[PDB]
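Peer 1: I am sharing protein25.txt, which consists of compact mmCIF, C-alpha atoms and all ligand atoms:
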```
# COMPACT_ATOMS: atom_id res chain seq x y z
CA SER F 82 -11.19 13.18 12.52
CA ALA F 83 -10.90 13.21 16.30
CA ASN F 84 -8.91 9.98 16.53
CA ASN F 85 -5.77 9.83 14.39
CA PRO F 86 -4.34 6.30 14.83
CA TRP F 87 -0.76 7.61 14.92
CA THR F 88 -1.02 10.27 17.61
CA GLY F 89 0.40 9.11 20.96
CA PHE F 90 2.32 6.13 19.55
CA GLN F 91 5.82 5.38 18.33
CA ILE F 92 5.94 3.48 15.05
CA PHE F 93 7.77 0.16 15.25
CA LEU F 94 10.34 0.17 12.45
CA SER F 95 10.03 -2.73 10.01
CA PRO F 96 12.68 -5.38 10.76
CA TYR F 97 12.09 -6.87 7.32
CA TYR F 98 12.89 -3.63 5.53
CA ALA F 99 15.68 -2.88 7.99
CA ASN F 100 17.38 -6.14 7.04
CA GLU F 101 17.05 -5.37 3.33
CA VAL F 102 18.33 -1.81 3.79
CA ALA F 103 21.30 -2.80 5.96
CA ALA F 104 22.48 -5.34 3.38
CA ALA F 105 21.86 -2.86 0.56
CA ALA F 106 23.74 -0.02 2.23
CA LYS F 107 26.92 -1.91 2.99
CA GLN F 108 27.37 -2.49 -0.77
CA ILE F 109 26.91 1.22 -1.64
CA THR F 110 30.47 2.40 -2.18
CA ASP F 111 30.38 6.15 -1.51
CA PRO F 112 30.58 6.79 2.27
CA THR F 113 27.97 9.57 2.24
CA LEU F 114 25.48 7.82 -0.06
CA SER F 115 25.95 4.65 2.02
CA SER F 116 25.21 6.48 5.28
CA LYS F 117 22.14 8.09 3.70
CA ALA F 118 20.99 4.68 2.45
CA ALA F 119 21.50 3.07 5.87
CA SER F 120 19.40 5.83 7.44
CA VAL F 121 16.39 4.68 5.40
CA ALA F 122 16.01 1.84 7.93
CA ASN F 123 14.97 4.49 10.47
CA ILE F 124 12.05 5.64 8.29
CA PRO F 125 8.76 3.90 9.17
CA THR F 126 7.30 1.67 6.47
CA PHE F 127 4.50 -0.88 6.11
CA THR F 128 5.50 -4.55 6.18
CA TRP F 129 3.57 -6.72 3.73
CA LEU F 130 1.89 -9.97 4.67
CA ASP F 131 2.04 -11.07 1.04
CA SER F 132 1.85 -14.76 1.94
CA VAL F 133 1.01 -17.06 4.82
CA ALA F 134 4.79 -17.48 5.15
CA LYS F 135 4.92 -13.89 6.46
CA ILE F 136 2.50 -14.50 9.33
CA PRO F 137 5.03 -15.92 11.85
CA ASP F 138 7.13 -12.81 11.42
CA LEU F 139 4.10 -10.67 12.24
CA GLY F 140 3.98 -12.46 15.60
CA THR F 141 7.61 -11.55 16.18
CA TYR F 142 6.99 -7.90 15.25
CA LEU F 143 4.13 -7.59 17.72
CA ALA F 144 6.12 -9.17 20.56
CA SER F 145 9.23 -7.10 19.77
CA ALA F 146 7.14 -3.94 19.63
CA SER F 147 5.53 -4.75 22.98
CA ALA F 148 8.94 -5.14 24.60
CA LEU F 149 10.39 -2.05 22.90
CA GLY F 150 7.50 0.04 24.22
CA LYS F 151 8.15 -1.21 27.75
CA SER F 152 11.89 -0.49 27.37
CA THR F 153 11.38 3.09 26.11
CA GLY F 154 8.22 4.22 27.96
CA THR F 155 6.17 4.30 24.75
CA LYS F 156 3.13 2.76 23.16
CA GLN F 157 4.12 1.07 19.90
CA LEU F 158 2.31 0.86 16.56
CA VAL F 159 2.91 -1.87 13.96
CA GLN F 160 2.15 -1.11 10.30
CA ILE F 161 1.06 -4.02 8.09
CA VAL F 162 -0.37 -4.68 4.63
CA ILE F 163 -3.00 -7.38 4.17
CA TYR F 164 -2.16 -8.62 0.67
CA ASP F 165 -3.07 -12.22 -0.13
CA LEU F 166 -6.42 -12.34 -1.94
CA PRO F 167 -7.08 -15.37 -4.14
CA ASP F 168 -6.60 -14.54 -7.81
CA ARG F 169 -4.46 -11.64 -6.60
CA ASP F 170 -3.66 -9.07 -9.32
CA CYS F 171 -6.61 -9.76 -11.58
CA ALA F 172 -5.61 -7.29 -14.32
CA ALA F 173 -1.91 -8.25 -14.71
CA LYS F 174 0.58 -11.00 -13.91
CA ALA F 175 3.49 -9.61 -11.90
CA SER F 176 1.95 -10.00 -8.43
CA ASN F 177 -0.12 -13.18 -8.85
CA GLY F 178 -0.06 -14.96 -5.48
CA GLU F 179 -0.38 -18.26 -3.69
CA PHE F 180 -4.19 -18.63 -3.59
CA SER F 181 -6.61 -19.19 -6.45
CA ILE F 182 -10.38 -18.85 -6.43
CA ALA F 183 -10.72 -22.25 -8.11
CA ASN F 184 -8.71 -24.01 -5.36
CA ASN F 185 -10.56 -23.09 -2.18
CA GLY F 186 -9.14 -19.59 -2.43
CA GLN F 187 -11.76 -17.78 -0.37
CA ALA F 188 -11.57 -20.41 2.38
CA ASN F 189 -7.76 -20.29 2.34
CA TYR F 190 -7.95 -16.50 2.60
CA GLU F 191 -10.24 -16.77 5.66
CA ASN F 192 -7.65 -18.98 7.29
CA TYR F 193 -4.92 -16.44 6.44
CA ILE F 194 -6.99 -13.75 8.17
CA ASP F 195 -7.74 -16.07 11.12
CA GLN F 196 -4.02 -16.69 11.62
CA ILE F 197 -3.30 -12.95 11.55
CA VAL F 198 -6.12 -12.23 14.01
CA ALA F 199 -4.81 -14.97 16.32
CA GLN F 200 -1.42 -13.24 16.43
CA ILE F 201 -2.82 -9.74 16.96
CA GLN F 202 -5.15 -10.92 19.74
CA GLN F 203 -2.14 -11.91 21.87
CA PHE F 204 -0.59 -8.40 22.03
CA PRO F 205 -3.29 -5.93 23.11
CA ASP F 206 -0.75 -3.32 24.26
CA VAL F 207 0.45 -2.86 20.64
CA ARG F 208 -1.60 -0.86 18.14
CA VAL F 209 -1.88 -2.16 14.57
CA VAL F 210 -2.62 -0.14 11.43
CA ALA F 211 -3.38 -2.21 8.34
CA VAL F 212 -3.70 -1.27 4.69
CA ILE F 213 -6.33 -3.64 3.28
CA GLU F 214 -5.55 -5.32 -0.06
CA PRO F 215 -3.81 -2.98 -2.50
CA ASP F 216 -4.99 -3.47 -6.06
CA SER F 217 -8.29 -5.16 -5.18
CA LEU F 218 -11.48 -3.10 -4.87
CA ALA F 219 -10.25 -0.47 -7.35
CA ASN F 220 -10.41 -3.15 -10.07
CA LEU F 221 -14.12 -3.57 -9.33
CA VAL F 222 -14.68 0.07 -10.30
CA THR F 223 -12.92 0.30 -13.67
CA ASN F 224 -11.76 -3.20 -14.63
CA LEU F 225 -14.87 -5.40 -14.68
CA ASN F 226 -14.43 -5.99 -18.41
CA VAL F 227 -11.26 -7.79 -17.42
CA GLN F 228 -12.76 -11.25 -17.20
CA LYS F 229 -10.46 -12.40 -14.39
CA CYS F 230 -11.56 -9.36 -12.36
CA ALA F 231 -15.25 -9.90 -13.16
CA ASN F 232 -14.95 -13.53 -12.13
CA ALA F 233 -13.11 -12.49 -8.95
CA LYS F 234 -15.64 -9.81 -7.95
CA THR F 235 -17.69 -11.85 -5.49
CA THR F 236 -14.56 -13.37 -3.94
CA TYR F 237 -12.76 -10.03 -3.59
CA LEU F 238 -15.81 -8.51 -1.92
CA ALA F 239 -16.33 -11.50 0.38
CA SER F 240 -12.68 -11.78 1.33
CA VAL F 241 -12.16 -8.06 1.95
CA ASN F 242 -15.34 -8.14 4.04
CA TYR F 243 -14.01 -11.08 6.08
CA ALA F 244 -10.74 -9.21 6.68
CA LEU F 245 -12.48 -5.98 7.74
CA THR F 246 -15.04 -7.71 9.96
CA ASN F 247 -12.53 -9.90 11.79
CA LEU F 248 -9.60 -7.49 12.10
CA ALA F 249 -12.09 -5.05 13.63
CA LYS F 250 -12.72 -7.59 16.41
CA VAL F 251 -9.11 -7.14 17.55
CA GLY F 252 -9.15 -3.35 17.22
CA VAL F 253 -6.97 -2.97 14.12
CA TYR F 254 -7.18 0.47 12.50
CA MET F 255 -7.79 -0.07 8.80
CA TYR F 256 -7.45 1.87 5.55
CA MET F 257 -8.80 0.14 2.44
CA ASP F 258 -6.78 0.56 -0.71
CA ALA F 259 -8.34 3.06 -3.10
CA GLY F 260 -6.00 3.29 -6.07
CA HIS F 261 -4.63 6.72 -6.95
CA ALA F 262 -5.56 9.96 -8.71
CA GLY F 263 -4.93 8.48 -12.16
CA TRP F 264 -7.08 5.45 -11.44
CA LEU F 265 -10.11 6.34 -9.31
CA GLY F 266 -9.47 10.11 -9.26
CA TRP F 267 -10.78 10.68 -12.77
CA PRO F 268 -13.95 12.70 -12.05
CA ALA F 269 -16.19 10.10 -13.68
CA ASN F 270 -14.76 7.32 -11.48
CA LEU F 271 -15.28 9.18 -8.18
CA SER F 272 -18.95 8.41 -7.66
CA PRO F 273 -18.74 4.70 -8.60
CA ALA F 274 -15.74 4.43 -6.27
CA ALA F 275 -17.55 6.19 -3.41
CA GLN F 276 -20.58 3.94 -3.92
CA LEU F 277 -18.43 0.79 -3.79
CA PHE F 278 -16.37 1.77 -0.76
CA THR F 279 -19.59 2.74 1.01
CA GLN F 280 -21.19 -0.63 0.21
CA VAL F 281 -18.07 -2.43 1.47
CA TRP F 282 -18.11 -0.31 4.63
CA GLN F 283 -21.81 -1.09 5.15
CA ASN F 284 -21.33 -4.83 4.68
CA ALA F 285 -18.54 -4.82 7.26
CA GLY F 286 -20.88 -3.17 9.79
CA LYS F 287 -19.57 0.41 9.53
CA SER F 288 -17.01 -0.44 12.21
CA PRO F 289 -15.26 2.68 13.57
CA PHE F 290 -11.88 0.86 13.18
CA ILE F 291 -12.44 1.14 9.43
CA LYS F 292 -11.02 4.63 9.27
CA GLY F 293 -10.97 5.21 5.55
CA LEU F 294 -8.82 4.71 2.49
CA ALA F 295 -5.18 4.48 1.44
CA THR F 296 -4.07 6.05 -1.84
CA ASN F 297 -1.04 5.97 -4.13
CA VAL F 298 0.08 2.61 -2.68
CA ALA F 299 3.06 1.45 -4.76
CA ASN F 300 2.57 4.41 -7.11
CA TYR F 301 4.51 7.60 -7.78
CA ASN F 302 2.02 10.48 -7.86
CA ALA F 303 2.63 13.72 -6.06
CA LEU F 304 0.54 14.53 -3.04
CA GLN F 305 0.67 18.23 -3.99
CA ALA F 306 2.23 18.76 -7.42
CA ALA F 307 4.04 22.01 -8.20
CA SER F 308 2.52 21.72 -11.69
CA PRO F 309 0.52 18.92 -13.33
CA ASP F 310 2.58 16.00 -14.62
CA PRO F 311 1.87 15.87 -18.39
CA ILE F 312 0.69 12.25 -18.01
CA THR F 313 -2.39 13.65 -16.27
CA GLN F 314 -3.87 15.42 -19.32
CA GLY F 315 -7.63 15.29 -19.26
CA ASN F 316 -7.89 14.70 -15.49
CA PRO F 317 -8.28 17.80 -13.27
CA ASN F 318 -7.29 15.62 -10.30
CA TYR F 319 -3.62 15.50 -11.20
CA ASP F 320 -2.28 14.66 -7.74
CA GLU F 321 -3.41 12.82 -4.64
CA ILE F 322 -4.65 15.90 -2.78
CA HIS F 323 -7.00 16.76 -5.64
CA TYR F 324 -8.23 13.16 -5.75
CA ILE F 325 -8.85 13.01 -2.01
CA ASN F 326 -10.44 16.47 -1.91
CA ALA F 327 -12.87 15.28 -4.56
CA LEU F 328 -13.60 11.79 -3.19
CA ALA F 329 -13.84 12.51 0.55
CA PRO F 330 -17.00 14.69 0.38
CA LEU F 331 -18.73 11.95 -1.60
CA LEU F 332 -18.00 9.46 1.17
CA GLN F 333 -19.26 12.02 3.70
CA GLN F 334 -22.43 12.61 1.69
CA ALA F 335 -22.85 8.82 1.50
CA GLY F 336 -22.70 8.56 5.30
CA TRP F 337 -19.00 7.86 5.98
CA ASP F 338 -16.65 10.62 7.12
CA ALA F 339 -13.62 8.70 5.94
CA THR F 340 -10.01 9.77 6.41
CA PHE F 341 -7.02 8.88 4.29
CA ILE F 342 -3.39 7.89 4.21
CA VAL F 343 -1.18 8.53 1.18
CA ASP F 344 1.92 6.62 0.09
CA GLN F 345 4.80 8.96 -0.81
CA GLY F 346 7.63 6.43 -0.56
CA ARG F 347 8.50 6.71 -4.28
CA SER F 348 7.09 10.17 -5.02
CA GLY F 349 10.20 12.35 -4.64
CA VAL F 350 10.66 12.66 -8.41
CA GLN F 351 7.77 13.70 -10.65
CA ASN F 352 7.44 13.73 -14.46
CA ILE F 353 9.14 10.36 -15.15
CA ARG F 354 6.44 8.44 -17.05
CA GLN F 355 5.27 8.24 -20.64
CA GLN F 356 1.73 7.14 -19.70
CA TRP F 357 -0.01 7.54 -16.35
CA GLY F 358 -0.82 3.85 -16.28
CA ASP F 359 2.87 2.99 -16.26
CA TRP F 360 3.71 1.47 -12.91
CA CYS F 361 6.63 -0.96 -13.12
CA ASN F 362 9.99 0.01 -11.55
CA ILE F 363 9.63 3.50 -12.91
CA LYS F 364 13.12 4.63 -13.77
CA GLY F 365 14.62 7.47 -11.77
CA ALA F 366 12.12 7.48 -8.90
CA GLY F 367 13.29 8.96 -5.61
CA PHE F 368 12.20 8.54 -2.02
CA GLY F 369 9.54 11.15 -1.25
CA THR F 370 8.14 13.01 1.73
CA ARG F 371 8.88 11.20 4.98
CA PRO F 372 5.91 9.76 6.90
CA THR F 373 4.19 12.41 8.99
CA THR F 374 0.80 13.37 10.38
CA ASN F 375 1.49 16.94 9.19
CA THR F 376 -0.34 16.25 5.96
CA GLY F 377 -1.72 19.56 4.67
CA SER F 378 -5.30 18.28 4.40
CA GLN F 379 -8.32 17.85 6.67
CA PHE F 380 -8.90 14.46 5.07
CA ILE F 381 -5.42 12.97 5.47
CA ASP F 382 -4.34 11.32 8.75
CA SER F 383 -0.81 10.55 7.58
CA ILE F 384 1.65 10.55 4.76
CA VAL F 385 3.05 7.01 4.83
CA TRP F 386 5.53 4.72 3.07
CA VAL F 387 3.49 1.67 2.09
CA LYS F 388 5.38 0.15 -0.83
CA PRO F 389 8.96 -0.36 0.43
CA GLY F 390 11.26 1.33 -2.06
CA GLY F 391 13.79 -1.16 -3.39
CA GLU F 392 11.36 -4.07 -3.60
CA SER F 393 10.61 -4.68 -7.28
CA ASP F 394 7.18 -4.14 -8.83
CA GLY F 395 7.67 -6.94 -11.32
CA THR F 396 10.18 -8.89 -13.35
CA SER F 397 11.41 -7.66 -16.73
CA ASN F 398 12.21 -11.24 -17.82
CA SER F 399 9.69 -12.17 -20.51
CA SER F 400 10.20 -15.88 -19.78
CA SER F 401 8.65 -15.56 -16.33
CA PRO F 402 4.98 -16.56 -15.88
CA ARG F 403 4.68 -13.28 -13.94
CA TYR F 404 5.95 -11.08 -16.78
CA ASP F 405 4.05 -7.85 -17.50
CA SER F 406 5.34 -5.96 -20.54
CA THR F 407 4.91 -2.69 -18.61
CA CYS F 408 8.20 -3.76 -17.03
CA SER F 409 10.24 -3.52 -20.26
CA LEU F 410 9.07 0.01 -21.25
CA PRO F 411 11.66 2.80 -21.68
CA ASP F 412 10.43 4.19 -18.34
CA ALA F 413 10.97 0.86 -16.51
CA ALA F 414 14.37 0.16 -14.91
CA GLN F 415 15.83 -3.03 -16.39
CA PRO F 416 16.74 -5.76 -15.81
CA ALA F 417 14.37 -6.09 -12.83
CA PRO F 418 13.69 -9.10 -10.56
CA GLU F 419 10.39 -10.67 -9.47
CA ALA F 420 7.82 -8.50 -7.71
CA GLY F 421 8.60 -8.10 -4.02
CA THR F 422 12.24 -9.14 -4.33
CA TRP F 423 15.12 -6.75 -3.77
CA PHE F 424 16.26 -4.56 -6.67
CA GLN F 425 19.58 -3.12 -5.49
CA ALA F 426 20.28 -0.62 -8.29
CA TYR F 427 16.75 0.75 -7.98
CA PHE F 428 17.19 1.25 -4.24
CA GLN F 429 20.46 3.09 -4.77
CA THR F 430 18.76 5.45 -7.23
CA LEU F 431 15.88 6.02 -4.78
CA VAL F 432 18.48 7.11 -2.20
CA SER F 433 20.40 9.31 -4.62
CA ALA F 434 17.23 10.97 -5.94
CA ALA F 435 15.46 11.38 -2.59
CA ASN F 436 13.43 14.56 -2.36
CA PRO F 437 13.61 15.97 0.26
CA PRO F 438 17.24 14.83 0.44
CA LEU F 439 18.19 12.24 3.03
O1 LIG F 501 0.86 -2.92 -4.98
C1 LIG F 501 0.67 -4.30 -4.88
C2 LIG F 501 1.60 -5.02 -5.92
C3 LIG F 501 3.04 -4.59 -5.76
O2 LIG F 501 3.87 -5.78 -5.62
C4 LIG F 501 3.88 -6.29 -4.35
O3 LIG F 501 4.79 -5.44 -3.56
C5 LIG F 501 4.83 -5.86 -2.16
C6 LIG F 501 5.73 -4.87 -1.48
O4 LIG F 501 6.97 -4.80 -2.12
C7 LIG F 501 5.33 -7.29 -2.05
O5 LIG F 501 5.12 -7.75 -0.71
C8 LIG F 501 4.59 -8.22 -2.98
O6 LIG F 501 5.26 -9.49 -3.03
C9 LIG F 501 4.48 -7.66 -4.37
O7 LIG F 501 3.64 -8.51 -5.16
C10 LIG F 501 3.66 -3.83 -6.92
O8 LIG F 501 4.76 -3.09 -6.35
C11 LIG F 501 2.75 -2.91 -7.62
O9 LIG F 501 3.35 -2.40 -8.83
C12 LIG F 501 1.50 -3.71 -8.08
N1 LIG F 501 0.77 -3.65 -9.19
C13 LIG F 501 -0.21 -4.59 -9.12
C14 LIG F 501 -0.05 -5.25 -7.90
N2 LIG F 501 1.00 -4.73 -7.29
```
Using the file provided, produce a representation of the structure as structure tokens.

Peer 2:
Amino acid sequence: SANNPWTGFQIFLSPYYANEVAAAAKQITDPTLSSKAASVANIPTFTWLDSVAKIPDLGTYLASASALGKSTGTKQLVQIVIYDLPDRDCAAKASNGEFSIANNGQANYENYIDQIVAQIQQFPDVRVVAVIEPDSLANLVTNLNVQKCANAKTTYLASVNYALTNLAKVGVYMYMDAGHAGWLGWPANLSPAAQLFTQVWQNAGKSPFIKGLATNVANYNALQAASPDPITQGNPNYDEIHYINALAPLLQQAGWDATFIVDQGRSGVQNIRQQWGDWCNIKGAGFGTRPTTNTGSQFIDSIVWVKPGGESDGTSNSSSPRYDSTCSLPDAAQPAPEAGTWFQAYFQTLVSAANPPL
């Protein structure tokens, strides 16, 4: 499209990830691996607003970015993830969150959005790009036989709509989560997905700040695979570029010339899964292609790092109420801590296995 949100801006580096990375690096014993690990803090990532507790820090990021831009002659861009739906993670347990549909969840979510909007409104000289609710709308394509997802459908749609409609009022550039090639990229899922995303876009008023979709968030697929990963058998869309090439024209035909961003933060190492659905702390992953607007596709505004490598996908402790057995598979690194918390050995492997090398 004409307007790529990243062009003309410097990305504000996540202080949250920088603090995790600095602490992680100083414990890595080899001087060279440690210096490579420390350098990860200079790679732009998305910072997740996975609870109301993260909102005050958003305010600090915006104010720090504003001052950094003034100090360096630049316009700054802050990258955030909106990730606090009620009944969050309807198809599994590892990422269940603080709000529930049964306890005023939609209303609580509105207030979460209102607090975020109130921060963003105070810093108009900082641009914000937001990924909207990973692992939400994609469940309403394929997972409606999951009763928790079926019962969450109206709330997910209403809450995502509230986020889109009200973040647009403060000029936030938005990419809605859209799963990955092995989820919505199956040919038969493309049209239902396009129909849903178009309905969501319509309900939110077709705002131009709603730029498009984010794919591969927290996943491990290639953008452009050298050869199909054997987990992809049966699906001609074996990587993210095939998925996006197939979905984007459907959105165009439906009236929305959407563009895309693609997570590659844990995509450096391919062919490390037994089943494509495997997702939890996949063993041996490496940091992938660095964020860039040189994407190789008309449809893709940026390669990005959305899931911050080193933060766990889920606990492997079967006593936890957030335990998903996907996290004890032979392709899951174990033992692993609760989703979102730091997993030091996994981070060190991501550094060691980075491709391209750090
Ligand atoms: O992608 C959204 C979440 C994600 O955890 C989420 O990661 C975020 C970034 O580290 C954290 O802020 C969250 O606390 C955590 O729940 C998992 O990494 C992924 O495997 C998954 N599967 C279902 C939900 N989720």

Peer 1: Quick one: distance from atom CA of residue F:190 to atom CA of residue F:259 in Å, one decimal?

Peer 2: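 A separation of 20.4 Å between them.
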
Peer 1: Set the distance at 9 Å and use only C-alpha atoms: which residues neighbour stretch 326-342 of chain F once local chain neighbours fewer than 2 positions away are removed? I'd like the list as number ranges by chain.

Peer 2: F: 82, 256, 265-266, 268, 271-272, 274-276, 278-279, 282, 287, 291-297, 318, 321-324, 344, 378-385

Peer 1: Give the residues close to ligand LIG 501 (chain F), within 6 Å, counting all atoms listed in the file; write them as a list in words.

Peer 2: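 The residues near ligand LIG 501 (chain F) are residues 129, 131, 170, 176, 215, 216, 299, 360, 361, 388, 389, 392, 394, 420 and 421 of chain F.
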
Peer 1: Looking at all atoms listed in the file, which of F:84, F:223, F:92, F:248 is the one that sits closest to residue F:373?

Peer 2: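 Answer, going by the shortest atom-to-atom distance: F:92.
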
Peer 1: Atom CA of residue F:428 and atom CA of residue F:399, how far apart in Å?

Peer 2: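 Those two atoms sit 22.4 Å apart.
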
Peer 1: Using only C-alpha atoms, which residue out of F:285, F:136, F:173, F:197 lies closest to residue F:230?

Peer 2: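 For residue F:230, the nearest of the candidates is F:173.
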
Peer 1: Considering all atoms listed in the file, state which residue in the set F:264, F:127, F:427, F:93 is at the smallest distance from residue F:224.

Peer 2: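 Of all the options, F:264 lies closest to residue F:224.
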